[PDB]
Each structure stands twice: as structure tokens, then as C-alpha cells.
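Next up, C-alpha cells for two forms of one chain, structure 1 and then structure 2.
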Structure 1
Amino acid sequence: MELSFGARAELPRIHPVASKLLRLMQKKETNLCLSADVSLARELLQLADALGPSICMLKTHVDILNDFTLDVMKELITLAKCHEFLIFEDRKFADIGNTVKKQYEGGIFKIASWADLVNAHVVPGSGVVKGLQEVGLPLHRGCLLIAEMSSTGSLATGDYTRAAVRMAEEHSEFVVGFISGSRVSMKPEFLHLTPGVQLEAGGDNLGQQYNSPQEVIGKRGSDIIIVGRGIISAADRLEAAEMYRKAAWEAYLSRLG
């Protein structure tokens, strides 16, 4: 009895950020998250503008942006609102208490002021979520927990993955889903986002297991593919984004029937 993204957007227990995301995924026929792994604001904003219509989400690492300013993030929000996608800062918070709250709210980056979504590692225990949620809940934000990783020798397996799912379940006021390789929660209110995605069979030198959109959306039951190199390193990034969008969207339709 799998529901469409549009029906999941209306579930009683849905988080508002998850509902906004699921609605624009259904409207735009996209379950693609672009990993915007670039060092200069001009390239980030040119990709966000050109690929905005093709994506449900843009995943940032603002700590690699050589020319970060808050005005760059204002311009990115303008594009996110115009093209209808969420901004996900892949900060991988992994600390607790006042320090994690300040890392999310403060410093130079003021992540909570512009990121719809952030993510967290669960290794510290639920203190990571409790610290972030003190900031994030009043700012109406959401969080993704890293339940599994694509990297060679990942320790996010077995009881660790089950601990991530329990932590999400128990903090559903703020946690809206997972970074994972597959469906890890049976609750349809949670989103599953999967990195390590490319159309070809292949790998990289620093250690990652790659899978196709058809495998991770169609067979493994994830919702959204996160794609970096497969798009960013292509000559025509718009056509590459469209190839990934069509792959992920059809894999989704086929699992719905």
C-alpha cells in the first residue's frame, strides 16, 4: 500500500518541511537532490538557477565556498523559492549541547538562517538532535539522520542503523528522514535520501560504493537520489541532471505501479 509523494505530503504525522518537499517533488516530477560540490559562489548560483527546475533539493557544503557571504545565501534562497527546491546543508553535525546549537545558529555561516534541512551523525547519542532541535524547532527547520553511509568500511550498519531509526522515531517533531542506502524506516512520514549514485557501474579512489537510480529508488526503496560528480563533472550539467531526474522518477513510478 505504498503512497505517492503527494499523498505522503498529507499524512497526519508529516513534518511541515517534509510535506513542502514531497509536494514539490510530486508537482515537478523530481526526486533528484543536486550535490553542489563547488568552491565559488558564482558557479553555485549558476548551477542552482539552471538546474533548479530539475531538482527537489540542493545539497550544500558552505564550508568549502572560498567566497561565502550571507548575501550569497540570500541569492540562493531567491533561486530556491523561484524554482521550488529545498536547501540542505550537509554539515554532518556530530556533537551535543550548547556547542552544536551555536554551530547550527551562529558563527560566520548562520546555517539555520538559510538551510531548510541539515543532517547529523547519531554516534554521540540523541544529544545531537536535542541540541540542534533547540535552535531548529523555533525556526521551523528539519533534520536528517545518517543511518547508513556509501563509504568503504562504514560502521553505520546493524545496531547503529537501528539506533538511528529509533532516534528519528522518537524526535519526529524535528527529524524528517535519513541519509541511507535503502529504506530503513517502515513509517511513510520519513524521507530516505541516498548518496553514492551514478548511472554507470563504477567507483572512486577515496572509497565509495556506487549504485544506479533504478537500484536505490526501485529495488532498495529510497525516495531521493543525491548526485554530485555524475552531474557536476559533465560538460552539459543540465542534460546530466535531466538524465538523473528521469531515471529516479521512473524508478519511483515503477515501485508505485
Structure 2
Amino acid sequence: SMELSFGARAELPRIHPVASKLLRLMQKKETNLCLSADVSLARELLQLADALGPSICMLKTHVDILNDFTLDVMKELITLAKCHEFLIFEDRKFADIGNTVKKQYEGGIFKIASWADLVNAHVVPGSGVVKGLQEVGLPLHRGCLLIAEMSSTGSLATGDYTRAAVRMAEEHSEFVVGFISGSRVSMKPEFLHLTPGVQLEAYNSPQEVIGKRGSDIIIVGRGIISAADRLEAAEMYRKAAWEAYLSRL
């Protein structure tokens, strides 16, 4: 008779465990916010995670720009994720053949699969990209997001491409938990939709993204603003996005 809450979706029979965990945290903390940690140093990453952890459901990392990466830094981040209750999403945009991405996900110096709840992939190589990641991620109970649409000028992720991304997700629903897209690309409530939003400040508003287009999670930049202003902004943004979610219910 109506739209499903995040909590209701977390109980669906075919829900992915990582999706369910995420949905329950969103419901509990009343947050739709995925914070982008686009920083170059471990101190910046950990301090941002500590300060803004309470306001977010997810922290999006790029470990390959972290100048002083170590696995110990990642362990500290995981502790913050557990203490403040958010998932870690490594925005690596895996985009190679299956045999290569398997090693890039499990191996090298980053050991991404050992700490990242979620990673994402481009679907251009075909389903082998998902298959390779799944080989590593499934035994570790990880999830994956597929990039189905993009807001950038000249994006080729439209039409049949977007439909192909959705088909891939369905073919690998033991591992793929959702999409990064500008709007809903599937009616199946087990899939999460993450969508870019306007950055924090002291068509991309939470009201349009979450309220009108029905995305689940808004991806927000940290803003070029003070820490005091950032903390205040994060809470105002969280409330606005949450209210938008409630309005659609």
C-alpha cells in the first residue's frame, strides 16, 4: 500500500547482509549521508572520520591518494567506523578484467578487501569485473556498487549501458548491493542507490536527490570550510536529507 522504510528493506528475504547492516544504521542514526574523505594524509582522514562519524552512514575513501597509507591507519579507521557506526566505501572504480581486479582488490600494498565494506566498479569490461571482485569479496562478506549513470559531461553511461549495469547487478546479487547513479535505475528494493549531492557549506540538493528522485544515499563533499562549520553543516544536511526521505514515505 506504500513505500518501504529502510528498516523494512533491511528485513527483505533476498537482502544482502551488508545492505541490511547499512539500512539498519541509516534508520537508527537517521542519516542518508555518504561523506567523501578526499584528503592526502592519515591525520586528515582519521580526524574527519572521528568528527563526522556520528552524522554519516558511510565514509568514502580513496586510499590511493593517501600519502602516508599503512594498514595500521586502516585499522584505526575501522575502529572509528565501529565506534561511530558507519561503513567504509573505497571509491576505487575497479575497471579492468576479472583476473586483474581480483589481485587489485585483495592484494598489493593496500589490501582493500581486508578493510573496505564496499567497493565500486565500472561495468565497461563486462561482467568479468564483478566476477573477479566477487571471488575475493564473497567469502569476506563484502559488497559492491556498480556505476550505472554519471553526471559528468560526455558520460557514456546512459541508455543500454545503464540497463547492462542493472543486469550485471542482478546476475551477481550475492555480492552487488546497489548502484551509483543520478536516479533510481531499478525498482527492486534490495538495491541501494547512491547519488552525488551538493557539498557541505557554511538538482543536487538533498530534497531533489532523496525526496524527488528517491535515491537512498547522498554522496557529499566535506566543503572548504572550518571544522566547526563542517560539524554544523553535516548535522543540518543530515536533517534536511532525512526529512526529504520521510516526506516520500
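By rigid core we mean the largest C-alpha set that fits within 1.5 Å across both forms. Structure 1 provides the reference sequence; residues are numbered from 1 along it.
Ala234 is among the residues whose C-alpha shifts by 2 Å or more between structure 1 and structure 2 once the rigid core is aligned.
In the core-superposed comparison between structure 1 and structure 2, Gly196 has its Cα shifted by at least 2 Å. Fit the two forms on the rigid core and the C-alpha of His140 turns out 0.5 Å off between structure 1 and structure 2. The two forms line up on their rigid core, and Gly97 then has its Cα shifted by 2.6 Å between structure 1 and structure 2.
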